[PDB]
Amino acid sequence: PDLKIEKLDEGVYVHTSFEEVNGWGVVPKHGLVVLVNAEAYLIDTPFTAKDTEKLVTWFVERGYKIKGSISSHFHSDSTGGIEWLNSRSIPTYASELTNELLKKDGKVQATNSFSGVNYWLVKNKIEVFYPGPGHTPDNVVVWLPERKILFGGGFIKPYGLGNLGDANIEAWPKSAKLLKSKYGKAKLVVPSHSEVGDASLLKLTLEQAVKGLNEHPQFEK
């Protein structure tokens, strides 16, 4: 299924790429393209080199140069395009924790890394926030202050925590509480697979996290 690009707000697009899960079916993965000063920043990179190339070239050829990409966590649904981006010397970014996990997993790393609670990828325009470990030990979210849009990625799991292989279920509630207190002001929250929502996704996630500690989508009901 082809890469999709849909307008979310002025200068904010959702890119949707797709992975086949053999024992289930096809799953959508959302990232963003954010336009700042007629220049493009990737928020998460499509699974494959081919879709990353397609996305990038799509913007570049029409006059919006790719300035960089930020990957929100180490899973390939967020980092699959880092190889291609690096091969073209397009700046790639990910936290130190994310790069360390990529290194351990024998994956190509972002060329640029950062640490701390807040990192401004683009001053006043694109902020990276680390709420603490959750869906993965390294997960971060990306805040766009001008549109009040939060890309939550894999941390935002409003309707089920999903793959717990790499999750920190002990810390996830505290992290989710922090995120919720931090970005209750968001107008839109963008999860990796679930539908774009409002700030209510922050609370649902918390609930999930909590319930989880008490111990693809699942459509059976």
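Quick note: we count residues from 1 along the sequence shown, nothing fancier.
The entry models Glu215 and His216 with a gap of 10 or more deposited residues left without coordinates. The mean C-alpha temperature factor is higher for 143-151 when 129-137 and 143-151 are set side by side. On average the C-alpha atoms of 176-184 have higher B-factors than those of the other stretch, with 43-51 and 176-184 being the two compared. As recorded in the PDB entry, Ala38 shows the highest C-alpha B-factor of the residues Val26, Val60, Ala38, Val33. When the C-alpha B-factors of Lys103, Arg88, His75, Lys123 are ranked from the entry, the top spot goes to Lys123.
Sorting the modelled residues of the chain by their CA temperature factor places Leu161 in the highest third. Split the chain's modelled residues into thirds by C-alpha temperature factor. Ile169 is in the highest one.
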